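Asks: sequence first, structure after, both from an experimental entry:
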Amino acid sequence: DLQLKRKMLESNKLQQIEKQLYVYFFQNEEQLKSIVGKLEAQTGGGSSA
Amino acid sequence: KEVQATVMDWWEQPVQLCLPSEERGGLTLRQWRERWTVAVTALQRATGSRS
Amino acid sequence: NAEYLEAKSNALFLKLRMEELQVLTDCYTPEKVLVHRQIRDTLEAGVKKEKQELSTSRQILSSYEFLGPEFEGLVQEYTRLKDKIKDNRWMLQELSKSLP
Amino acid sequence: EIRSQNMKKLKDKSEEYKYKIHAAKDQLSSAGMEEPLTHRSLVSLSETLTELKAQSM
């Protein structure tokens, strides 16, 4: 069971960052906005005001 | 059995759901995670990259 | 045979313990430990504030409970009547908006 | 005779495990990890706070 779960964390970088999100939430708000913003900008969405 | 419990705690990290009302940048952690999950899912849809 | 079985049992137990300690080192990095500390402090401050509020409210309720069952009956009646008046007023307001 | 040979291999492996367990206990202590700071201990503490808000309401 341990070998399977370690392998799963080494292959999926996005899941590793997900697991670090709560750390960013309590330490660095700017980083949290940045990390989540970079991932949203990359996704082109034309916001109308 | 105890070692199995420890392995489980390491994988789920339950301490992230312990403060729900705490807002940072006008949003809760859950909201942030949700934003993350939507963004990750949008990226995965664009990047044909069928997960 | 007895010595061999003893050596096998000890080796299996040590493997299991090693693997447990490796998982714990991977889970509690210095950065995370700091966060876990912040979360504790907020939770502990909440537990302390709520324990104090619970103690004050329980002290006031104890003064009314001392006026007997008869008073409680009266309070229940009063409360029932206020609830019916509130319902009737609410019904009258809704009939006036409908005069087309 | 086969078991006696296998017993020697097992004793060597046991000595190897004892060495890795010390090295890991030393790394956890340097990270400032205490028991009340664990997931299990902190969850337990959050569950106690919810229970107390319910009692206060």
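Replies: Arrived safely. Residues are numbered from 1 along each chain as shown, chains lettered A, B, ... in the order given.
Asks: is the longest helix anywhere in chain C up against chain A anywhere?
Replies: As far as residue count goes, and with DSSP state H defining each element, the longest helix of chain C is helix C:30-64. Yes - among the residues of helix C:30-64, C:31, C:32, C:34, C:35, C:38, C:39 lie within reach of chain A under C-beta under 8 Å from any C-beta of the partner chain. (C-beta placed from N, C-alpha, C; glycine too.)
Asks: return only those of these found close to chain B.
Replies: The residues of the residues of helix C:30-64 next to chain A that also fall near chain B, by C-beta under 8 Å from any C-beta, are residue C:39.
Asks: could the residues of helix C:30-64 next to chain A go into TSV alongside distance to residue B:10 and neighbour count?
Replies: Converted to TSV, the residues of helix C:30-64 next to chain A look like this (distance: C-beta to C-beta, whole Å; neighbours: other C-beta atoms under 10 Å in any protein chain shown):
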residue	distance to residue B:10	neighbour count
C:31	16	13
C:32	11	22
C:34	18	16
C:35	16	20
C:38	20	12
C:39	17	21
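Asks: hang on, the earlier thing: next helix or strand past the longest helix of chain C?
Replies: Under the assignment DSSP states H and E, the closest C-terminal helix or strand after helix C:30-64 is helix C:69-96.
Asks: quick one, that next one and helix C:30-64 angle?
Replies: Angle of helix C:69-96 versus helix C:30-64, following axes from the mean of the first three to the mean of the last three C-alpha atoms, to 10 degrees, is 110 degrees.
Asks: quick one: helix C:69-96 to chain centroid distance?
Replies: How far helix C:69-96 lies from its chain's middle: 33 Å, per C-alpha atoms, centre = their mean, to the nearest Å.
Asks: which parts of that helix are buried?
Replies: When neighbours are counted by 16 or more other C-beta atoms under 10 Å in any protein chain shown, no buried residue of helix C:69-96 is found.
Asks: stretch C:43-50 too?
Replies: Using 16+ other C-beta under 10 Å as the burial criterion, the residues of stretch C:43-50 that qualify are C:43, C:46, C:47, C:50.
Asks: give me the contacts around that stretch.
Replies: By C-beta atoms under 8 Å, 6 or more residues apart in numbering or on different chains, the surrounding residues in contact with stretch C:43-50 are B:18, B:19, D:42, D:45, D:46, D:48, D:49, D:52, D:53, D:56.
Asks: can I get the CA coordinates of it in PDB?
Replies: In PDB, the C-alpha atoms belonging to stretch C:43-50 read as follows (Å, rounded to 0.1, in the frame of the first residue of the first chain):
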ATOM      1  CA  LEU C  43      -8.400  26.300  17.600                       C
ATOM      2  CA  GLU C  44      -7.200  26.500  21.100                       C
ATOM      3  CA  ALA C  45      -8.200  30.200  21.300                       C
ATOM      4  CA  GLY C  46     -11.700  29.200  20.000                       C
ATOM      5  CA  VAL C  47     -12.100  26.400  22.500                       C
ATOM      6  CA  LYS C  48     -11.100  28.700  25.300                       C
ATOM      7  CA  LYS C  49     -13.700  31.500  24.200                       C
ATOM      8  CA  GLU C  50     -16.600  29.000  23.700                       C
END
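Asks: show me how far that stretch is from its chain's centre.
Replies: Going by C-alpha atoms, centre = their mean, the spacing between the C-alpha centre of stretch C:43-50 and its chain's C-alpha centre is 11 Å.
Asks: what packs against the helix or strand hosting residue D:50?
Replies: When secondary structure is defined using DSSP H and E, the element that contains residue D:50 is helix D:39-56. The elements that helix D:39-56 packs onto, with contact taken as 3 or more C-beta pairs under 8 Å, 6 or more residues apart in numbering or on different chains; DSSP states H and E, are helix B:2-12, helix C:30-64.
Asks: picking up where we left off before, with neighbour count and distance to residue A:13 added, can I get the contacts of stretch C:43-50 in a markdown table?
Replies: Converted to a markdown table, the contacts of stretch C:43-50 look like this (neighbours: other C-beta atoms under 10 Å in any protein chain shown; distance: C-beta to C-beta, whole Å):
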| residue | neighbour count | distance to residue A:13 |
| --- | --- | --- |
| B:18 | 23 | 26 |
| B:19 | 19 | 26 |
| D:42 | 20 | 26 |
| D:45 | 18 | 32 |
| D:46 | 20 | 29 |
| D:48 | 14 | 36 |
| D:49 | 21 | 34 |
| D:52 | 17 | 40 |
| D:53 | 14 | 38 |
| D:56 | 16 | 44 |
